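Heads up: the structure comes next, in structure tokens.
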Amino acid sequence: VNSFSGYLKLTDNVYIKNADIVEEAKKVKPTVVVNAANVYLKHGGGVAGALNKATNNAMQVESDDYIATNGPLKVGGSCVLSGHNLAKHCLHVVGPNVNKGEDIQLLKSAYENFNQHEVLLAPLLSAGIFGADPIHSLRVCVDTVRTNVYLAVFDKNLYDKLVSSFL
Ligand SMILES: O=C(c1n[nH]c2ncc(Br)cc12)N1CCCN(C2CC2)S1(=O)=O
């Protein structure tokens, strides 16, 4: 039993809800919140900009130190950093950004990072400003993640479409 509330169950291990991931994280304080990161951990917009803003820029400060030490992530890769006031940990995961020409096949590799964590609150990888089809992202999620994932979809119109079209 966990504290996530109001989710629709899609599969044995994947759950979905129309919710703002920032407000969901603040309420649940999950062990792991997933950020829709880029390789530079520059949290300017989309999910990342919103999560960072909610930490009062502490996520960005921590991220800049991480990059100064380690260099950029790989597309499809991840790192574990603090969750600040939102979660115990933040798993920064880099899905391919279609608006940069990156290979959509890397989306499966990106979701594989979720399997290192028993339970996660997460957005759909590569959706929103990363330019991929969210229906496809949900399909890859369900077919790749084996751990328990609670997906927050900000747009109510998109949420209804994802549910109604889910196979
Ligand atoms: O939640 C957001 C989101 N995008 N910009 C934001 N700004 C502030 C806050 Br708070 C949340 C967001 N989505 C990111 C894109 C992928 N998803 C869409 C496809 C269904 S999403 O995972 O629903």
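Residues take their numbers from the sequence shown, with the count starting at 1. What you see below is based on every heavy atom in this structure, not just the backbone, and it leaves out hydrogens, waters and symmetry mates.
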Inset, instruction - May I have the step-by-step check of side chain to side chain contact (heavy atoms under 4.5 Å, CB included) for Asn97 and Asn38, ending in yes or no? - result: CA-CA 8 Å; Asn97 187 325; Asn38 58 54; over 6 Å; no
Legend entry - Full working for side chain to side chain contact (heavy atoms under 4.5 Å, CB included) between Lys27 and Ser5: CA-CA 10 Å; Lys27 151 175 127 53; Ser5 179; 4.3 Å; yes
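Atom-to-atom distance recorded for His136:NE2 and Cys141:SG is 11.5 Å, nearest 0.5 angstrom. Here the CG atom belonging to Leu151 is positioned 9.0 Å from the CG atom belonging to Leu162, to the nearest 0.5 angstrom. Expressed to the nearest 0.5 Å, how far CG of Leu8 lies from CG of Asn18 amounts to 11.5 Å. Distance check: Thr31 OG1 to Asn2 CG gives 9.5 Å after rounding to the nearest 0.5 Å. We find the CG-NZ distance between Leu138 and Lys161 to be 12.5 Å, quoted to the nearest 0.5 Å. Once rounded to the nearest 0.5 Å, the distance linking CE of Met59 with OG of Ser82 reads 8.0 Å.
In terms of heavy atoms, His117 sits closest to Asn113 at CD2-O, 3.7 Å. Contact detail for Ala122 and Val149: the closest heavy-atom pair is CB-CG2, 4.0 Å. Closest of all the heavy-atom pairs between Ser165 and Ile135 is OG-CD1, 3.7 Å. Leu107 and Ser126 get closest at one heavy-atom pair: CD1-OG, 3.5 Å. The minimum heavy-atom distance linking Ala19 with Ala152 is given by the pair O-CB, 3.7 Å. Nearest heavy atom pair, residue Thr147 against residue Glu118, reads CB-O, 3.6 Å.
In terms of the side-chain hydrogen bond (donor to acceptor under 3.5 Å, both in side chains) criterion, residue partners of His92 (sequence neighbours excluded) are, by chain and number, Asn35. For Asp160, the salt bridge (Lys or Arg N to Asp or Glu O under 4.0 Å) test picks out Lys156, with sequence neighbours left out. Judged as a side-chain contact (heavy atoms from CB on, under 4.5 Å), and not counting sequence neighbours, the contacts of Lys26 are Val22, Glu23, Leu86. By the ring-ring contact (aromatic ring centres under 6.0 Å, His included) test, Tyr15 is found to be paired with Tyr150, residues two or more places apart in sequence or in another chain being considered. Every residue two or more places apart in sequence or in another chain that forms a ring-ring contact (aromatic ring centres under 6.0 Å, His included) with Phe114 is listed here: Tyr111. Legend: residues meeting side-chain hydrogen bond (donor to acceptor under 3.5 Å, both in side chains) with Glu62, ordered by chain and number and at least two apart, are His84.
Listed by first then second residue, pairs satisfying salt bridge (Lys or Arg N to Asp or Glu O under 4.0 Å) with a partner in residues 8-22 read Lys17-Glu24, not counting sequence neighbours. Pairs engaging residues 127-148 under the salt bridge (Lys or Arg N to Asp or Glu O under 4.0 Å) rule: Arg139-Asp143 [sequence neighbours left out].
Hydrophobic cluster membership of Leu167, counting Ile, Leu, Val, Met, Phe, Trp and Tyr whose side-chain heavy atoms lie under 4.5 Å apart directly or via other members: none, as it forms a cluster of its own. Under the 4.5 angstrom side-chain criterion for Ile, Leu, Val, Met, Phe, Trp and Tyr, the cluster partners of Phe130 are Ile129. In the hydrophobic clustering, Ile67 connects to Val39, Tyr40, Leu41, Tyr66, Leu73, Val75, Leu81, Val94, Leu106, either directly or through intervening members, whenever side-chain heavy atoms lie under 4.5 Å apart.
Side-chain heavy atoms closer than 4.5 Å link hydrophobic residues (I, L, V, M, F, W, Y) into clusters, and following such links, possibly through other members, connects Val93 to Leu120. Side-chain heavy atoms closer than 4.5 Å link hydrophobic residues (I, L, V, M, F, W, Y) into clusters, and following such links, possibly through other members, connects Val140 to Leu158. Cluster annotation: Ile16 is connected to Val145 through the hydrophobic network of ILVMFWY side chains, with a link wherever side-chain heavy atoms come within less than 4.5 Å. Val142 and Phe4 sit in two unconnected hydrophobic clusters of ILVMFWY residues. Membership requires side-chain heavy atoms under 4.5 Å apart, directly or through other members. Linking ILVMFWY residues whenever their side-chain heavy atoms come closer than 4.5 Å, directly or via other members, leaves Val34 and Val119 in distinct clusters.
Between the side chain of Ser3 and the backbone N or O of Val28 there is no donor-acceptor pair closer than 3.5 Å.
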Which atom pairs, donor and acceptor, lie under 3.5 Å between side-chain atoms of residues 44-54 and protein residues at least two apart or in another chain?
unit_1, atom_1, unit_2, atom_2, d
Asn52, OD1, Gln60, N, 2.9
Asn52, ND2, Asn57, OD1, 2.9

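Within 6.0 Å of NZ on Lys29 lie more than 12 heavy atoms contributed by other residues, nucleotides or ligands.
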